[PDB]
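A.B. asks: So that you have it, the file is work-v3.cif, and it contains mmCIF, C-alpha atoms and all ligand atoms:
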```
data_query
loop_
_atom_site.group_PDB
_atom_site.id
_atom_site.type_symbol
_atom_site.label_atom_id
_atom_site.label_comp_id
_atom_site.auth_asym_id
_atom_site.auth_seq_id
_atom_site.Cartn_x
_atom_site.Cartn_y
_atom_site.Cartn_z
ATOM 1 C CA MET Q 2 0.000 0.000 0.000
ATOM 2 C CA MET Q 3 1.201 3.514 -0.943
ATOM 3 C CA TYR Q 4 -0.642 6.352 0.859
ATOM 4 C CA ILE Q 5 -0.617 9.789 -0.843
ATOM 5 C CA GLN Q 6 -1.984 12.615 1.274
ATOM 6 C CA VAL Q 7 -2.694 15.925 -0.448
ATOM 7 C CA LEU Q 8 -1.583 18.616 2.053
ATOM 8 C CA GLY Q 9 -1.987 21.499 -0.426
ATOM 9 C CA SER Q 10 -3.465 21.426 -3.925
ATOM 10 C CA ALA Q 11 -3.023 25.092 -5.082
ATOM 11 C CA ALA Q 12 -0.298 26.795 -7.144
ATOM 12 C CA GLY Q 13 1.959 29.590 -5.696
ATOM 13 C CA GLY Q 14 -0.151 32.107 -3.810
ATOM 14 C CA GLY Q 15 -2.769 29.524 -2.672
ATOM 15 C CA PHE Q 16 -6.531 30.005 -3.023
ATOM 16 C CA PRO Q 17 -7.758 32.714 -2.303
ATOM 17 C CA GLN Q 18 -4.500 34.524 -2.886
ATOM 18 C CA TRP Q 19 -3.722 37.201 -0.245
ATOM 19 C CA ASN Q 20 -3.640 40.186 -2.644
ATOM 20 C CA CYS Q 21 -5.984 38.849 -5.335
ATOM 21 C CA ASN Q 22 -9.504 39.983 -6.166
ATOM 22 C CA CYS Q 23 -9.928 37.981 -9.425
ATOM 23 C CA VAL Q 24 -13.305 36.344 -10.148
ATOM 24 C CA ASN Q 25 -12.371 33.219 -8.146
ATOM 25 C CA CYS Q 26 -10.842 34.860 -5.050
ATOM 26 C CA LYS Q 27 -13.329 37.723 -4.839
ATOM 27 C CA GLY Q 28 -16.205 35.303 -5.411
ATOM 28 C CA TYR Q 29 -14.797 32.979 -2.735
ATOM 29 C CA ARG Q 30 -14.626 35.847 -0.242
ATOM 30 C CA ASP Q 31 -18.083 37.253 -1.214
ATOM 31 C CA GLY Q 32 -19.666 33.854 -0.575
ATOM 32 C CA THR Q 33 -21.093 33.830 -4.137
ATOM 33 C CA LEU Q 34 -18.812 31.158 -5.599
ATOM 34 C CA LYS Q 35 -18.912 27.485 -4.708
ATOM 35 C CA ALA Q 36 -15.245 26.797 -4.096
ATOM 36 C CA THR Q 37 -12.990 25.393 -1.399
ATOM 37 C CA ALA Q 38 -9.949 27.175 -0.026
ATOM 38 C CA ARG Q 39 -6.579 25.584 -0.818
ATOM 39 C CA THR Q 40 -3.054 25.844 0.593
ATOM 40 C CA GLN Q 41 0.048 25.667 -1.565
ATOM 41 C CA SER Q 42 0.989 22.410 -3.317
ATOM 42 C CA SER Q 43 2.504 19.673 -1.202
ATOM 43 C CA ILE Q 44 2.033 15.891 -0.749
ATOM 44 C CA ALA Q 45 3.110 13.360 1.832
ATOM 45 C CA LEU Q 46 3.915 9.726 1.022
ATOM 46 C CA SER Q 47 3.886 6.608 3.212
ATOM 47 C CA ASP Q 48 4.312 2.811 2.814
ATOM 48 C CA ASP Q 49 2.849 2.078 6.307
ATOM 49 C CA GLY Q 50 0.749 5.136 7.371
ATOM 50 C CA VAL Q 51 3.114 5.943 10.205
ATOM 51 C CA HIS Q 52 6.352 7.183 8.561
ATOM 52 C CA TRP Q 53 5.880 10.053 6.061
ATOM 53 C CA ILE Q 54 7.944 11.623 3.326
ATOM 54 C CA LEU Q 55 7.028 15.250 2.656
ATOM 55 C CA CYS Q 56 7.289 16.305 -1.021
ATOM 56 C CA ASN Q 57 7.908 20.039 -0.922
ATOM 57 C CA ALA Q 58 7.602 22.245 2.162
ATOM 58 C CA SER Q 59 5.114 24.973 1.408
ATOM 59 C CA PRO Q 60 4.657 28.294 3.229
ATOM 60 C CA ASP Q 61 1.316 26.879 4.533
ATOM 61 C CA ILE Q 62 3.110 23.981 6.290
ATOM 62 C CA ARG Q 63 1.980 24.728 9.814
ATOM 63 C CA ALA Q 64 -1.764 24.574 8.920
ATOM 64 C CA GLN Q 65 -1.131 21.601 6.598
ATOM 65 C CA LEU Q 66 0.491 19.448 9.371
ATOM 66 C CA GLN Q 67 -2.254 20.537 11.844
ATOM 67 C CA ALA Q 68 -4.953 19.316 9.478
ATOM 68 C CA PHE Q 69 -3.384 15.825 9.041
ATOM 69 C CA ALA Q 70 -3.358 13.843 12.344
ATOM 70 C CA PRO Q 71 -0.630 11.286 11.452
ATOM 71 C CA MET Q 72 1.759 14.277 11.193
ATOM 72 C CA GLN Q 73 1.519 14.339 15.009
ATOM 73 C CA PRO Q 74 1.810 10.688 16.281
ATOM 74 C CA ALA Q 75 2.572 12.012 19.853
ATOM 75 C CA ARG Q 76 5.146 9.383 20.843
ATOM 76 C CA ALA Q 77 7.237 11.849 22.724
ATOM 77 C CA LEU Q 78 6.947 15.391 24.094
ATOM 78 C CA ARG Q 79 8.678 16.566 20.886
ATOM 79 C CA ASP Q 80 7.669 14.438 17.874
ATOM 80 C CA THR Q 81 6.584 14.570 14.198
ATOM 81 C CA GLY Q 82 5.314 12.197 11.513
ATOM 82 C CA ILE Q 83 7.706 13.740 8.965
ATOM 83 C CA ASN Q 84 10.636 11.341 8.446
ATOM 84 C CA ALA Q 85 12.214 12.987 5.345
ATOM 85 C CA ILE Q 86 11.570 15.865 2.915
ATOM 86 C CA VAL Q 87 12.062 15.603 -0.844
ATOM 87 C CA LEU Q 88 12.428 18.851 -2.894
ATOM 88 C CA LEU Q 89 11.668 18.892 -6.636
ATOM 89 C CA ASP Q 90 13.048 22.455 -7.157
ATOM 90 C CA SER Q 91 14.268 25.503 -5.203
ATOM 91 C CA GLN Q 92 11.233 27.759 -5.584
ATOM 92 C CA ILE Q 93 10.118 29.773 -2.596
ATOM 93 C CA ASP Q 94 6.679 28.081 -2.516
ATOM 94 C CA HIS Q 95 8.348 24.636 -2.220
ATOM 95 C CA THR Q 96 11.066 25.324 0.243
ATOM 96 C CA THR Q 97 10.015 28.072 2.619
ATOM 97 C CA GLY Q 98 8.227 25.639 4.995
ATOM 98 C CA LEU Q 99 11.633 24.282 6.035
ATOM 99 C CA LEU Q 100 12.126 27.412 8.215
ATOM 100 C CA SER Q 101 8.961 26.511 10.190
ATOM 101 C CA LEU Q 102 10.453 23.087 11.017
ATOM 102 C CA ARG Q 103 13.730 24.349 12.463
ATOM 103 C CA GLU Q 104 12.801 23.393 16.037
ATOM 104 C CA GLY Q 105 12.661 19.797 14.760
ATOM 105 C CA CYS Q 106 16.142 19.483 13.267
ATOM 106 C CA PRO Q 107 17.990 17.485 12.061
ATOM 107 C CA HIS Q 108 15.934 16.708 8.961
ATOM 108 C CA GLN Q 109 16.959 14.453 6.134
ATOM 109 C CA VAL Q 110 16.440 16.494 2.997
ATOM 110 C CA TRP Q 111 16.656 14.992 -0.494
ATOM 111 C CA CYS Q 112 17.426 17.279 -3.402
ATOM 112 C CA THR Q 113 19.648 17.609 -6.485
ATOM 113 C CA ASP Q 114 23.050 19.263 -6.577
ATOM 114 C CA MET Q 115 21.505 22.257 -8.419
ATOM 115 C CA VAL Q 116 18.740 22.732 -5.810
ATOM 116 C CA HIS Q 117 21.296 22.392 -3.025
ATOM 117 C CA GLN Q 118 23.362 25.173 -4.660
ATOM 118 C CA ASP Q 119 20.388 27.519 -4.799
ATOM 119 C CA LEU Q 120 19.658 26.635 -1.172
ATOM 120 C CA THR Q 121 23.170 27.445 0.064
ATOM 121 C CA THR Q 122 23.517 30.692 -1.828
ATOM 122 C CA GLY Q 123 20.609 32.790 -3.051
ATOM 123 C CA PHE Q 124 18.066 31.291 -0.523
ATOM 124 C CA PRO Q 125 20.555 29.834 2.015
ATOM 125 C CA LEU Q 126 18.144 27.625 4.038
ATOM 126 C CA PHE Q 127 20.830 24.953 4.626
ATOM 127 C CA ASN Q 128 23.304 27.571 6.011
ATOM 128 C CA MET Q 129 20.607 29.282 8.141
ATOM 129 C CA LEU Q 130 19.281 26.051 9.603
ATOM 130 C CA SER Q 131 22.754 24.506 10.341
ATOM 131 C CA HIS Q 132 22.443 26.670 13.471
ATOM 132 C CA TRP Q 133 19.442 24.659 14.705
ATOM 133 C CA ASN Q 134 20.614 21.374 16.186
ATOM 134 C CA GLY Q 135 22.545 20.223 13.082
ATOM 135 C CA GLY Q 136 20.139 21.692 10.482
ATOM 136 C CA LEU Q 137 19.254 19.877 7.257
ATOM 137 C CA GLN Q 138 21.223 16.793 6.346
ATOM 138 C CA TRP Q 139 21.557 16.814 2.570
ATOM 139 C CA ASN Q 140 20.917 13.636 0.595
ATOM 140 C CA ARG Q 141 21.838 14.043 -3.052
ATOM 141 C CA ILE Q 142 19.356 13.117 -5.706
ATOM 142 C CA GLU Q 143 21.398 11.933 -8.750
ATOM 143 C CA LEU Q 144 19.953 12.702 -12.165
ATOM 144 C CA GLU Q 145 19.981 9.034 -13.129
ATOM 145 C CA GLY Q 146 18.795 5.934 -11.266
ATOM 146 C CA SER Q 147 16.650 5.583 -8.162
ATOM 147 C CA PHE Q 148 16.703 6.205 -4.442
ATOM 148 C CA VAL Q 149 15.102 4.687 -1.376
ATOM 149 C CA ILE Q 150 14.539 6.668 1.844
ATOM 150 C CA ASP Q 151 15.018 4.257 4.743
ATOM 151 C CA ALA Q 152 11.937 5.445 6.724
ATOM 152 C CA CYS Q 153 9.787 4.046 3.887
ATOM 153 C CA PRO Q 154 11.932 1.150 2.581
ATOM 154 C CA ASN Q 155 9.170 -0.033 0.236
ATOM 155 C CA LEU Q 156 8.956 3.176 -1.820
ATOM 156 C CA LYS Q 157 11.407 3.479 -4.687
ATOM 157 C CA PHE Q 158 11.805 6.977 -6.133
ATOM 158 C CA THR Q 159 12.716 7.499 -9.771
ATOM 159 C CA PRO Q 160 13.090 11.193 -10.528
ATOM 160 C CA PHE Q 161 12.800 12.490 -14.082
ATOM 161 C CA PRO Q 162 14.181 15.782 -15.403
ATOM 162 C CA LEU Q 163 11.753 18.457 -16.370
ATOM 163 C CA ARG Q 164 12.947 21.558 -18.162
ATOM 164 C CA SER Q 165 14.658 24.647 -16.728
ATOM 165 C CA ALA Q 166 12.720 27.260 -14.808
ATOM 166 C CA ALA Q 167 15.176 28.107 -11.921
ATOM 167 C CA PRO Q 168 13.700 30.776 -9.518
ATOM 168 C CA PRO Q 169 14.117 34.605 -9.965
ATOM 169 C CA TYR Q 170 16.503 34.773 -7.025
ATOM 170 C CA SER Q 171 18.780 32.031 -8.345
ATOM 171 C CA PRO Q 172 22.281 33.048 -9.460
ATOM 172 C CA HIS Q 173 21.612 30.731 -12.429
ATOM 173 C CA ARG Q 174 18.107 32.005 -13.424
ATOM 174 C CA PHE Q 175 19.373 32.771 -16.981
ATOM 175 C CA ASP Q 176 21.457 29.600 -17.131
ATOM 176 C CA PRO Q 177 19.131 26.505 -16.954
ATOM 177 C CA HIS Q 178 20.594 23.168 -15.802
ATOM 178 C CA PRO Q 179 19.157 19.639 -15.683
ATOM 179 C CA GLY Q 180 18.645 19.282 -11.958
ATOM 180 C CA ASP Q 181 16.678 22.547 -11.510
ATOM 181 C CA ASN Q 182 13.258 20.784 -11.816
ATOM 182 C CA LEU Q 183 12.131 17.168 -11.253
ATOM 183 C CA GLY Q 184 9.029 15.010 -11.514
ATOM 184 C CA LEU Q 185 8.883 11.740 -9.561
ATOM 185 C CA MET Q 186 7.988 8.209 -10.317
ATOM 186 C CA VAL Q 187 7.284 6.458 -7.051
ATOM 187 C CA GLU Q 188 6.922 2.698 -6.891
ATOM 188 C CA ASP Q 189 5.658 0.533 -4.092
ATOM 189 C CA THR Q 190 8.060 -2.361 -4.494
ATOM 190 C CA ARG Q 191 5.652 -4.700 -2.619
ATOM 191 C CA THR Q 192 2.900 -4.396 -5.198
ATOM 192 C CA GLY Q 193 4.458 -2.864 -8.324
ATOM 193 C CA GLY Q 194 2.048 0.100 -7.874
ATOM 194 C CA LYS Q 195 3.388 3.377 -9.421
ATOM 195 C CA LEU Q 196 2.644 7.071 -8.880
ATOM 196 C CA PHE Q 197 3.715 9.585 -11.613
ATOM 197 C CA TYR Q 198 3.951 12.982 -9.734
ATOM 198 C CA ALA Q 199 4.622 16.113 -11.892
ATOM 199 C CA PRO Q 200 3.099 19.192 -10.239
ATOM 200 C CA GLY Q 201 5.203 21.469 -12.523
ATOM 201 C CA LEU Q 202 4.915 20.277 -16.108
ATOM 202 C CA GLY Q 203 5.752 22.478 -19.125
ATOM 203 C CA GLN Q 204 6.050 19.846 -21.902
ATOM 204 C CA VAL Q 205 5.217 16.225 -22.728
ATOM 205 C CA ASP Q 206 7.691 14.408 -24.992
ATOM 206 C CA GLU Q 207 8.041 10.745 -26.037
ATOM 207 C CA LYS Q 208 9.945 9.536 -22.945
ATOM 208 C CA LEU Q 209 7.398 11.203 -20.653
ATOM 209 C CA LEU Q 210 4.366 9.489 -22.174
ATOM 210 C CA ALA Q 211 6.108 6.067 -21.979
ATOM 211 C CA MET Q 212 6.770 6.626 -18.239
ATOM 212 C CA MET Q 213 3.175 7.737 -17.746
ATOM 213 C CA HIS Q 214 1.941 4.564 -19.448
ATOM 214 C CA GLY Q 215 3.788 2.555 -16.787
ATOM 215 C CA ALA Q 216 2.025 4.379 -13.931
ATOM 216 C CA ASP Q 217 -1.267 3.590 -12.200
ATOM 217 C CA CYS Q 218 -1.989 7.138 -10.980
ATOM 218 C CA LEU Q 219 -1.078 10.433 -12.784
ATOM 219 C CA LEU Q 220 -0.808 13.384 -10.400
ATOM 220 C CA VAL Q 221 -0.105 16.273 -12.730
ATOM 221 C CA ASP Q 222 0.095 20.076 -13.082
ATOM 222 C CA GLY Q 223 -3.399 21.595 -13.260
ATOM 223 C CA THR Q 224 -2.230 25.229 -12.951
ATOM 224 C CA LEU Q 225 -4.088 27.022 -15.804
ATOM 225 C CA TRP Q 226 -7.080 26.221 -17.957
ATOM 226 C CA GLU Q 227 -5.642 28.455 -20.771
ATOM 227 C CA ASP Q 228 -2.048 29.681 -21.526
ATOM 228 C CA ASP Q 229 -3.149 33.328 -21.183
ATOM 229 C CA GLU Q 230 -5.410 32.818 -18.100
ATOM 230 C CA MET Q 231 -3.525 35.505 -16.129
ATOM 231 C CA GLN Q 232 -4.277 38.102 -18.843
ATOM 232 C CA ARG Q 233 -7.922 37.048 -19.128
ATOM 233 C CA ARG Q 234 -8.446 37.456 -15.374
ATOM 234 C CA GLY Q 235 -6.620 40.851 -15.323
ATOM 235 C CA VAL Q 236 -4.011 39.826 -12.724
ATOM 236 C CA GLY Q 237 -0.776 39.701 -14.707
ATOM 237 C CA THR Q 238 0.884 39.301 -18.086
ATOM 238 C CA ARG Q 239 2.943 36.070 -17.725
ATOM 239 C CA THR Q 240 1.729 33.032 -19.729
ATOM 240 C CA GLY Q 241 1.776 29.238 -19.053
ATOM 241 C CA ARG Q 242 4.611 29.335 -21.637
ATOM 242 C CA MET Q 244 6.262 29.931 -16.350
ATOM 243 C CA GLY Q 245 6.601 26.364 -17.655
ATOM 244 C CA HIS Q 246 3.052 25.098 -17.156
ATOM 245 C CA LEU Q 247 1.120 23.294 -19.865
ATOM 246 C CA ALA Q 248 -2.473 24.574 -19.714
ATOM 247 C CA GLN Q 249 -5.380 22.109 -19.596
ATOM 248 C CA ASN Q 250 -7.239 23.138 -22.709
ATOM 249 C CA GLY Q 251 -6.499 23.268 -26.457
ATOM 250 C CA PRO Q 252 -3.939 21.526 -28.731
ATOM 251 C CA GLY Q 253 -1.060 19.861 -26.893
ATOM 252 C CA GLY Q 254 -2.846 20.588 -23.606
ATOM 253 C CA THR Q 255 -2.895 18.182 -20.635
ATOM 254 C CA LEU Q 256 -6.482 17.043 -21.249
ATOM 255 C CA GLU Q 257 -5.637 16.082 -24.848
ATOM 256 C CA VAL Q 258 -2.541 14.315 -23.425
ATOM 257 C CA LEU Q 259 -4.565 12.556 -20.680
ATOM 258 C CA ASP Q 260 -6.948 11.111 -23.297
ATOM 259 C CA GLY Q 261 -4.215 8.612 -24.144
ATOM 260 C CA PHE Q 262 -4.524 7.283 -20.566
ATOM 261 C CA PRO Q 263 -8.024 5.843 -19.882
ATOM 262 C CA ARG Q 264 -6.815 3.140 -17.407
ATOM 263 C CA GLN Q 265 -4.826 5.391 -15.002
ATOM 264 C CA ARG Q 266 -6.339 7.410 -12.162
ATOM 265 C CA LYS Q 267 -5.864 11.022 -13.275
ATOM 266 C CA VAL Q 268 -5.669 13.895 -10.737
ATOM 267 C CA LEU Q 269 -4.914 17.587 -11.373
ATOM 268 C CA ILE Q 270 -2.922 19.270 -8.624
ATOM 269 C CA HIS Q 271 -1.153 22.663 -8.272
ATOM 270 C CA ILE Q 272 -4.127 24.691 -9.376
ATOM 271 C CA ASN Q 273 -3.865 28.472 -9.812
ATOM 272 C CA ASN Q 274 -6.303 30.760 -8.000
ATOM 273 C CA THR Q 275 -7.458 32.011 -11.434
ATOM 274 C CA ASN Q 276 -8.275 28.462 -12.745
ATOM 275 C CA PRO Q 277 -12.081 28.089 -13.505
ATOM 276 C CA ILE Q 278 -11.871 24.396 -12.490
ATOM 277 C CA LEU Q 279 -11.882 25.764 -8.880
ATOM 278 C CA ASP Q 280 -15.442 26.949 -9.349
ATOM 279 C CA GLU Q 281 -17.467 23.819 -8.640
ATOM 280 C CA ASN Q 282 -20.283 24.953 -11.050
ATOM 281 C CA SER Q 283 -18.052 25.912 -13.973
ATOM 282 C CA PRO Q 284 -18.271 24.257 -17.440
ATOM 283 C CA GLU Q 285 -14.489 23.699 -17.190
ATOM 284 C CA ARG Q 286 -14.955 21.632 -13.986
ATOM 285 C CA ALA Q 287 -17.740 19.712 -15.785
ATOM 286 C CA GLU Q 288 -15.465 18.986 -18.754
ATOM 287 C CA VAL Q 289 -12.820 17.574 -16.304
ATOM 288 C CA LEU Q 290 -15.336 15.264 -14.573
ATOM 289 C CA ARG Q 291 -16.450 14.088 -18.059
ATOM 290 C CA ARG Q 292 -12.942 13.086 -19.131
ATOM 291 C CA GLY Q 293 -12.564 11.071 -15.885
ATOM 292 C CA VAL Q 294 -10.128 13.562 -14.354
ATOM 293 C CA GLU Q 295 -10.241 14.574 -10.646
ATOM 294 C CA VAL Q 296 -9.437 18.013 -9.198
ATOM 295 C CA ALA Q 297 -7.210 17.652 -6.085
ATOM 296 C CA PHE Q 298 -8.367 19.285 -2.787
ATOM 297 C CA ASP Q 299 -6.586 19.766 0.517
ATOM 298 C CA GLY Q 300 -7.143 16.622 2.577
ATOM 299 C CA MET Q 301 -7.522 14.330 -0.432
ATOM 300 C CA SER Q 302 -6.250 10.789 0.391
ATOM 301 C CA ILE Q 303 -5.252 8.491 -2.472
ATOM 302 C CA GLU Q 304 -4.532 4.768 -2.077
ATOM 303 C CA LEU Q 305 -2.427 3.164 -4.728
ATOM 304 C CA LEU Q 306 -2.851 -0.637 -5.182
HETATM 305 CL CL CL Q 401 -0.701 44.054 -4.218
HETATM 306 CL CL CL Q 402 10.521 31.200 -6.438
HETATM 307 ZN ZN ZN Q 403 -7.382 35.273 -7.645
#
```
Could I get this file's structure written as structure tokens?

C.D. replies:
Amino acid sequence: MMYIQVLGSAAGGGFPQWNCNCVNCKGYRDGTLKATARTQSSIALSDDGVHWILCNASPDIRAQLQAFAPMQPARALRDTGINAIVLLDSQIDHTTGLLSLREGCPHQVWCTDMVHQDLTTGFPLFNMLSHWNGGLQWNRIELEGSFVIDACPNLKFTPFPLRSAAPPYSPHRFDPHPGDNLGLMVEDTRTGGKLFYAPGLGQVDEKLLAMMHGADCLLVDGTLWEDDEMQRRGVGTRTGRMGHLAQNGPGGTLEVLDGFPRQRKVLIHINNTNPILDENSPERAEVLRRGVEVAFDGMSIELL
């Protein structure tokens, strides 16, 4: 059994976003929209239900742990259900939660050499936290092969490179490296059950689709309905391109997901401006129709 807990299902900013009065966030606050509040994207993985691997540490971490009881097993006066943290990139929305866990150090943190460089220079979390009882103990994710985190010996992680997209603050923002962004294949080696996790997905090539065909559950970027969704809502001028493949239209994730009728399909990392958030929207209805689920905070998935 592989347990996947959705701690946060929204894109950067969360839903509603603090400074946003777009149709979704305003409507949420007005009480006129049927929608559920979401914290920033983050999952936790277990092979036993007791020992948990956190995938990304969002700014909303404190409320996310609070809302998931197994994160506090209460086996000592100071205790946590978090046994390791895996980072897929060095973005602020995926790493900032580590500061909120400093009274719990040491932590085993898994990340690539490139992420580790960002996090010892431009956003020096490792250097800052070394001053709290030994800080973060780095475990290198190599860009080929697999890794096993000993707290969950039955989960085998196979990371796959996604393109570029280093954060604004990174000394190598203009100089993209393999290692900057990862998706994960996670396998329960007891059952052969496989999760394909790609919350940040710009492009789907040949290798990608073949991996996806091997998986039983596809947990994939659901950031924007349309490439220009920010401009349509009036809240910015950046496009999906940002490195997110929008749901709709040619080469979009729904067209891609059509090739995958057997797999469980879940959209996660959903922008505050995405119409799929509105429970009554035609876009939400189109997702239900194609057999695709919209992640929510507190969603529990059981794989095989
Ligand atoms: Cl503002
Ligand atoms: Cl960032
Ligand atoms: Zn908004």

A.B. asks: List all protein, DNA and RNA residues that have an atom no more than 10 Å from any atom of ligand CL 401 (chain Q), counting only C-alpha atoms and all ligand atoms, and report them as a list in words.

C.D. replies: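 If we count only C-alpha atoms and all ligand atoms, the neighbours of ligand CL 401 (chain Q) turn out to be residues 19, 20, 21 and 22 of chain Q.
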
A.B. asks: Excluding residue 121 (chain Q) and residues on its chain fewer than 2 positions from it, collect all residues at most 12 Å away from it, counting only C-alpha atoms, and give them as a list in words.

C.D. replies: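 Within the cut-off, the hits are residues 91, 114, 115, 116, 117, 118, 119, 123, 124, 125, 126, 127, 128, 129, 130, 131, 137, 139, 171 and 172 of chain Q.
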
A.B. asks: Kindly save the residues from that selection, with C-alpha atoms included, as an mmCIF file, in the coordinates of the input.

C.D. replies:
```cif
data_model
loop_
_atom_site.group_PDB
_atom_site.id
_atom_site.type_symbol
_atom_site.label_atom_id
_atom_site.label_comp_id
_atom_site.auth_asym_id
_atom_site.auth_seq_id
_atom_site.Cartn_x
_atom_site.Cartn_y
_atom_site.Cartn_z
ATOM 1 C CA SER Q 91 14.268 25.503 -5.203
ATOM 2 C CA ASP Q 114 23.050 19.263 -6.577
ATOM 3 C CA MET Q 115 21.505 22.257 -8.419
ATOM 4 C CA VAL Q 116 18.740 22.732 -5.810
ATOM 5 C CA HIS Q 117 21.296 22.392 -3.025
ATOM 6 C CA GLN Q 118 23.362 25.173 -4.660
ATOM 7 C CA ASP Q 119 20.388 27.519 -4.799
ATOM 8 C CA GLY Q 123 20.609 32.790 -3.051
ATOM 9 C CA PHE Q 124 18.066 31.291 -0.523
ATOM 10 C CA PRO Q 125 20.555 29.834 2.015
ATOM 11 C CA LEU Q 126 18.144 27.625 4.038
ATOM 12 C CA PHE Q 127 20.830 24.953 4.626
ATOM 13 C CA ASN Q 128 23.304 27.571 6.011
ATOM 14 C CA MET Q 129 20.607 29.282 8.141
ATOM 15 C CA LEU Q 130 19.281 26.051 9.603
ATOM 16 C CA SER Q 131 22.754 24.506 10.341
ATOM 17 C CA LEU Q 137 19.254 19.877 7.257
ATOM 18 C CA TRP Q 139 21.557 16.814 2.570
ATOM 19 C CA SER Q 171 18.780 32.031 -8.345
ATOM 20 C CA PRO Q 172 22.281 33.048 -9.460
#
```

A.B. asks: Please give me, as a list in words, the residues lying within 9 Å of ligand ZN 403 (chain Q) when counting only C-alpha atoms and all ligand atoms.

C.D. replies: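 What falls inside 9 Å of ligand ZN 403 (chain Q) is residues 14, 15, 16, 17, 18, 19, 20, 21, 22, 23, 24, 25, 26, 27, 234, 236, 273, 274, 275 and 276 of chain Q.
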
A.B. asks: To one decimal place, how far is CA of residue 150 (chain Q) from CA of residue 110 (chain Q) in Å?

C.D. replies: 10.1 Å

A.B. asks: For residue 83 (chain Q), work out the shell of residues within 10 Å, counting all atoms listed in the file and skipping chain neighbours fewer than 2 positions away, then give it as a PyMOL selection string.

C.D. replies: chain Q and resi 45-47+51-55+66+71-74+80-81+85-86+102+105+108-109+152

A.B. asks: Show me which residues line ligand CL 402 (chain Q), defined as having an atom within 12 Å of a ligand atom where only C-alpha atoms and all ligand atoms count, and present them as a ChimeraX atom specification.

C.D. replies: /Q:12-14,59-60,90-97,116,119-120,123-124,166-171,174,181,244

A.B. asks: Let me have the centre and edge lengths of the axis-aligned box enclosing all listed atoms of region 147-154 of chain Q with 3 Å padding on every side, in Å to one decimal, as AutoDock Vina command-line options.

C.D. replies:
```
--center_x 13.2 --center_y 3.9 --center_z -0.7 --size_x 12.9 --size_y 11.5 --size_z 20.9
```

A.B. asks: Once the PyMOL selection byres (((chain Q and resi 141) around 8) and not hetatm) has been applied to the shown file, what residues remain in the selection, as a ChimeraX atom specification?

C.D. replies: /Q:111-114,139-140,142-143

A.B. asks: What would the file look like if the residues just selected were written as an mmCIF file, in the frame of the given file with C-alpha atoms?

C.D. replies:
```
data_model
loop_
_atom_site.group_PDB
_atom_site.id
_atom_site.type_symbol
_atom_site.label_atom_id
_atom_site.label_comp_id
_atom_site.auth_asym_id
_atom_site.auth_seq_id
_atom_site.Cartn_x
_atom_site.Cartn_y
_atom_site.Cartn_z
ATOM 1 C CA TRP Q 111 16.656 14.992 -0.494
ATOM 2 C CA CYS Q 112 17.426 17.279 -3.402
ATOM 3 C CA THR Q 113 19.648 17.609 -6.485
ATOM 4 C CA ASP Q 114 23.050 19.263 -6.577
ATOM 5 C CA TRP Q 139 21.557 16.814 2.570
ATOM 6 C CA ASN Q 140 20.917 13.636 0.595
ATOM 7 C CA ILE Q 142 19.356 13.117 -5.706
ATOM 8 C CA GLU Q 143 21.398 11.933 -8.750
#
```

A.B. asks: Give me, please, the distance in Å between CA of residue 5 (chain Q) and CA of residue 56 (chain Q), quoted to one decimal.

C.D. replies: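 Answer for the CA of residue 5 (chain Q) to CA of residue 56 (chain Q) separation: 10.2 Å.
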
A.B. asks: Smallest atom-to-atom distance to residue 205 (chain Q): which of Q:185, Q:258, Q:290, Q:8, using only C-alpha atoms?

C.D. replies: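 For residue 205 (chain Q), the nearest of the candidates is Q:258.
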
A.B. asks: Name the residues, using the chain letters and numbers of the file, that sit within 12 Å of (8.3, 14.1, -21.7) when counting all atoms listed in the file, and give them as a PyMOL selection string.

C.D. replies: chain Q and resi 161-164+183-184+197+199+202-214+247+255+258

A.B. asks: Tell me which residues come within 10 Å of (-7.8, 25.0, -7.2), as a ChimeraX atom specification, counting all atoms listed in the file in the file's coordinates.

C.D. replies: /Q:9-12,15-17,25,36-42,223-225,269-281,296-299

A.B. asks: So the first atom is CA of residue 216 (chain Q) and the second is CA of residue 189 (chain Q); what is the distance between them in Å, to one decimal place?

C.D. replies: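 So the answer is 11.2 Å.
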
A.B. asks: Could you check the closest approach to residue 227 (chain Q) for each of Q:180, Q:215, Q:28, Q:251 and tell me which residue wins, using only C-alpha atoms?

C.D. replies: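 Going through Q:180, Q:215, Q:28, Q:251 one by one, the smallest distance to residue 227 (chain Q) is for Q:251.
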
A.B. asks: How would you write, as an MDAnalysis selection string, the residues chosen by the PyMOL selection byres (((chain Q and resi 262-266) around 9) and not hetatm) on this structure?

C.D. replies: chainID Q and resid 213:214 216:220 258:261 267:268 292:295
